[PDB]
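I have placed the structure first, in the form of structure tokens, so that the comments after it can refer back to it.
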Amino acid sequence: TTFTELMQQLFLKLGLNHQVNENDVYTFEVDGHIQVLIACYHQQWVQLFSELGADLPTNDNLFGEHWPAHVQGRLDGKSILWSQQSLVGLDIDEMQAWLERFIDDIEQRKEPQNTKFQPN
Amino acid sequence: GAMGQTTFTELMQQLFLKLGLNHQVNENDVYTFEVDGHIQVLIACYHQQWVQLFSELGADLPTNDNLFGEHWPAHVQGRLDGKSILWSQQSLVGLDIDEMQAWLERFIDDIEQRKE
């Protein structure tokens, strides 16, 4: 209801611009080091994605730490973080809290404290 | 709240009927069911809002890259207690019996492949 309508509100609330291609993928930069991409698949599945870079420790990838979960995947020899949920009943307050949780998690995983050694 | 949790219970009641299949529920409201006596899927709800499937994969498996896009919602391979598990979740809201049933079949089919 509908993905576009939701993204349009989202940007407003966060005061960001920001790019969207003819492919309906939305981009926004955070402090110019983080970039999150958002898209909707099958008219239902809202999908977040961000690159984390090289040399991240592995994550066990369990559910229960964030709702919805943030999963650490491997793409092209580097680590990424992604998260998805159904658009049905997703509102602006929740979309925003979610992107905020996602962004905070990316930030912490990129900090030196999250060392390859594990930490450790 | 109470209504969301009742919605989860309602869906489980529908699913077990549709599956015409023995369910167990424990004290924590975890539903279980075996398929052909070696595959066991557990279903629980969190915060009256999220349906979570879980299955043990039974070995410490070849890592999956854990990307999204292959199933909706994704099936994720986690590591728990030194072994691999498969899991998948989605919001309870707007989830009906036919989607629930299809999701469960996709998830079981994937577990089968990964145990092979």
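Ligands are numbered from 1 in the order shown, chains are lettered A, B, ... in the order of the structure tokens, and residues start at 1 in each chain.
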So that I can see what lies close to segment 43-50 of chain B, please list as a PyMOL selection string the residues with an atom at most 9 Å from it, counting only C-alpha atoms and leaving out residues fewer than 2 positions away in the same chain. (chain A and resi 64+67-68) or (chain B and resi 1-8+12+28-33+41+52-54+89-93)
Select all residues from chain A having any atom no more than 10 Å from an atom of chain B (counting only C-alpha atoms, ignoring ligands), output as a ChimeraX atom specification. /A:41-42,44-45,47,49,59-64,67-69,71-75,79-90
Using the selection just defined, write its residues with C-alpha atoms as a PDB file, in the first residue's frame.
```pdb
ATOM      1  CA  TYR A  41       9.743  -8.209  -5.064  1.00  0.00           C
ATOM      2  CA  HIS A  42       6.622 -10.058  -6.144  1.00  0.00           C
ATOM      3  CA  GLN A  44       5.000  -8.172  -1.481  1.00  0.00           C
ATOM      4  CA  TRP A  45       8.586  -8.602  -0.297  1.00  0.00           C
ATOM      5  CA  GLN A  47      14.083  -6.063   0.648  1.00  0.00           C
ATOM      6  CA  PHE A  49      20.588  -4.643   1.231  1.00  0.00           C
ATOM      7  CA  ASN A  59      28.038 -14.542  11.745  1.00  0.00           C
ATOM      8  CA  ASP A  60      26.037 -17.587  12.883  1.00  0.00           C
ATOM      9  CA  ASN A  61      22.968 -16.105  11.019  1.00  0.00           C
ATOM     10  CA  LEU A  62      20.345 -17.039  13.596  1.00  0.00           C
ATOM     11  CA  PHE A  63      16.887 -15.516  13.930  1.00  0.00           C
ATOM     12  CA  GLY A  64      15.786 -13.776  17.131  1.00  0.00           C
ATOM     13  CA  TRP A  67      12.808  -8.705  13.790  1.00  0.00           C
ATOM     14  CA  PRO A  68      12.922  -9.219  10.902  1.00  0.00           C
ATOM     15  CA  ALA A  69      16.362 -10.817  10.925  1.00  0.00           C
ATOM     16  CA  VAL A  71      21.342 -11.886   7.471  1.00  0.00           C
ATOM     17  CA  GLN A  72      25.034 -11.745   6.597  1.00  0.00           C
ATOM     18  CA  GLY A  73      25.623 -13.191   3.190  1.00  0.00           C
ATOM     19  CA  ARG A  74      28.506 -13.676   0.861  1.00  0.00           C
ATOM     20  CA  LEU A  75      28.476 -12.086  -2.546  1.00  0.00           C
ATOM     21  CA  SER A  79      30.158  -9.805   2.950  1.00  0.00           C
ATOM     22  CA  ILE A  80      26.702  -8.136   2.656  1.00  0.00           C
ATOM     23  CA  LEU A  81      23.830  -7.563   5.102  1.00  0.00           C
ATOM     24  CA  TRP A  82      20.197  -7.926   4.064  1.00  0.00           C
ATOM     25  CA  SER A  83      16.752  -8.015   5.651  1.00  0.00           C
ATOM     26  CA  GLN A  84      13.248  -8.481   4.268  1.00  0.00           C
ATOM     27  CA  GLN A  85       9.610  -8.431   5.311  1.00  0.00           C
ATOM     28  CA  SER A  86       6.178  -8.481   3.820  1.00  0.00           C
ATOM     29  CA  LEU A  87       4.673  -5.185   2.669  1.00  0.00           C
ATOM     30  CA  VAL A  88       1.204  -6.161   3.987  1.00  0.00           C
ATOM     31  CA  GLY A  89       0.532  -4.135   7.095  1.00  0.00           C
ATOM     32  CA  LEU A  90       3.946  -2.451   6.971  1.00  0.00           C
TER      33      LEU A  90
END
```
Nearest-residue call for residue 13 of chain A, choices A:56, A:113, A:92, A:101, using only C-alpha atoms: A:92
Hey, what does DSSP flag as helix (DSSP H, G or I) within chain B? Can you give it to me as a compact mmCIF listing (two decimals) with C-alpha atoms, in the first residue's frame?
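See selection-v1.txt below for the written result:
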```txt
# COMPACT_ATOMS: atom_id res chain seq x y z
CA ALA B 2 -4.11 -11.58 22.46
CA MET B 3 -5.62 -11.17 19.00
CA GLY B 4 -2.39 -11.67 17.13
CA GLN B 5 -1.59 -14.76 19.15
CA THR B 6 -5.10 -16.13 18.46
CA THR B 7 -4.49 -15.49 14.72
CA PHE B 8 -1.32 -17.64 14.98
CA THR B 9 -3.25 -20.37 16.77
CA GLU B 10 -6.05 -20.21 14.17
CA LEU B 11 -3.50 -20.62 11.33
CA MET B 12 -1.88 -23.61 13.09
CA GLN B 13 -5.27 -25.23 13.59
CA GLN B 14 -5.98 -24.73 9.86
CA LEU B 15 -2.61 -26.09 8.81
CA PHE B 16 -2.74 -29.24 10.91
CA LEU B 17 -6.27 -29.98 9.48
CA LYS B 18 -5.20 -29.26 5.93
CA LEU B 19 -2.14 -31.49 6.49
CA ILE B 97 -3.64 -20.92 4.98
CA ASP B 98 -2.78 -21.44 1.29
CA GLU B 99 0.41 -19.33 1.53
CA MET B 100 1.30 -20.98 4.82
CA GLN B 101 0.87 -24.43 3.32
CA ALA B 102 2.95 -23.57 0.20
CA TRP B 103 5.74 -22.05 2.33
CA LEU B 104 5.93 -25.11 4.50
CA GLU B 105 6.17 -27.36 1.37
CA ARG B 106 8.96 -25.17 -0.12
CA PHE B 107 10.84 -25.27 3.16
CA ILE B 108 10.51 -29.07 3.47
CA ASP B 109 11.60 -29.60 -0.12
CA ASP B 110 14.71 -27.48 0.53
CA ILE B 111 15.55 -29.39 3.78
CA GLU B 112 15.28 -32.64 1.84
CA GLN B 113 17.73 -31.44 -0.79
CA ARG B 114 20.23 -30.14 1.79
CA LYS B 115 20.16 -33.34 3.84
```
Let's see if you can do this: from backbone DSSP, list all strand (DSSP E) residues in chain A, as a ChimeraX atom specification. /A:26-30,34-41,45-53,71-75,78-86
Calculate how many Å separate atom CA of residue 95 of chain A from atom CA of residue 78 of chain A, rounding to one decimal. 26.8 Å
Can you tell me which residues surround residue 81 of chain B at a distance of at most 12 Å, considering only C-alpha atoms, apart from same-chain residues fewer than 6 positions away, and format the answer as a ChimeraX atom specification? /A:60,62 /B:56-60
Point-to-point distance in Å for atom CA of residue 103 of chain A and atom CA of residue 20 of chain A: 18.9 Å
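For segment 30-36 of chain A, the residues within 9 Å (counting only C-alpha atoms, excluding itself and residues fewer than 6 positions away along the chain) are residues 48, 49, 50, 51, 52, 99, 102, 103, 106 and 107 of chain A.
Going from atom CA of residue 26 of chain B over to atom CA of residue 66 of chain A, you cover 24.1 Å.
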Neighbouring residues of residue 34 of chain B were defined as those with any atom within 10 Å, considering only C-alpha atoms; residues of the same chain fewer than 2 positions away were excluded. Please report them as a PyMOL selection string. chain B and resi 21-24+32+36-42
Give me a file of those residues, with N, CA and C atoms, as a short mmCIF file (atom, residue, chain, number, x, y, z; two decimals), in the first residue's frame.
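Wrote it out as result_12.cif, contents follow:
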```
data_model
loop_
_atom_site.label_atom_id
_atom_site.label_comp_id
_atom_site.auth_asym_id
_atom_site.auth_seq_id
_atom_site.Cartn_x
_atom_site.Cartn_y
_atom_site.Cartn_z
N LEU B 21 -2.56 -34.03 9.84
CA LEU B 21 -1.27 -34.49 10.37
C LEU B 21 -1.05 -34.16 11.83
N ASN B 22 -0.65 -35.18 12.60
CA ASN B 22 -0.41 -35.09 14.06
C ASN B 22 0.50 -33.91 14.47
N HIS B 23 -0.05 -33.00 15.26
CA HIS B 23 0.77 -31.90 15.76
C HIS B 23 1.02 -32.09 17.24
N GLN B 24 2.18 -31.63 17.68
CA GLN B 24 2.43 -31.48 19.10
C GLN B 24 2.60 -30.00 19.39
N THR B 32 5.21 -28.86 16.38
CA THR B 32 6.15 -29.75 15.74
C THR B 32 5.50 -30.65 14.77
N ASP B 36 7.74 -38.11 7.11
CA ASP B 36 8.43 -39.38 6.83
C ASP B 36 9.43 -39.84 7.90
N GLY B 37 9.26 -39.39 9.14
CA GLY B 37 10.08 -39.86 10.26
C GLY B 37 11.58 -39.56 10.31
N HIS B 38 12.06 -38.58 9.54
CA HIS B 38 13.44 -38.14 9.73
C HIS B 38 13.54 -36.63 9.62
N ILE B 39 12.52 -36.00 9.05
CA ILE B 39 12.49 -34.54 8.93
C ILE B 39 11.48 -33.98 9.92
N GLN B 40 11.95 -33.07 10.75
CA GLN B 40 11.12 -32.49 11.75
C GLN B 40 11.15 -30.98 11.60
N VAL B 41 9.97 -30.40 11.39
CA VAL B 41 9.85 -28.93 11.29
C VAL B 41 9.17 -28.44 12.55
N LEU B 42 9.71 -27.36 13.11
CA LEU B 42 9.19 -26.72 14.27
C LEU B 42 8.69 -25.37 13.81
#
```
Please provide the set of residues having any atom within 12 Å of residue 15 of chain A, restricted to only C-alpha atoms, with same-chain residues fewer than 3 positions apart removed, written as a ChimeraX atom specification. /A:7-12,18,28-30,96
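Proximity to residue 26 of chain A at 6 Å, evaluated using only C-alpha atoms and with sequence-adjacent residues fewer than 5 positions away removed, yields residues 19, 20, 37 and 38 of chain A.
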Writer output for current selection, N, CA and C atoms, as a PDB file, in the first residue's frame:
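again04.pdb was written with the following content:
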```pdb
ATOM      1  N   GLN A  19      17.898   8.718  -4.866  1.00  0.00           N
ATOM      2  CA  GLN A  19      17.763   7.951  -6.109  1.00  0.00           C
ATOM      3  C   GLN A  19      16.789   6.769  -6.094  1.00  0.00           C
ATOM      4  N   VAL A  20      16.119   6.606  -7.239  1.00  0.00           N
ATOM      5  CA  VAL A  20      15.332   5.427  -7.586  1.00  0.00           C
ATOM      6  C   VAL A  20      15.381   5.265  -9.101  1.00  0.00           C
ATOM      7  N   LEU A  37      20.137  -0.227  -0.125  1.00  0.00           N
ATOM      8  CA  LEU A  37      19.300  -0.300  -1.312  1.00  0.00           C
ATOM      9  C   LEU A  37      18.022  -0.945  -0.844  1.00  0.00           C
ATOM     10  N   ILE A  38      16.884  -0.460  -1.378  1.00  0.00           N
ATOM     11  CA  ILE A  38      15.570  -1.033  -1.006  1.00  0.00           C
ATOM     12  C   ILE A  38      14.751  -1.280  -2.271  1.00  0.00           C
TER      13      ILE A  38
END
```
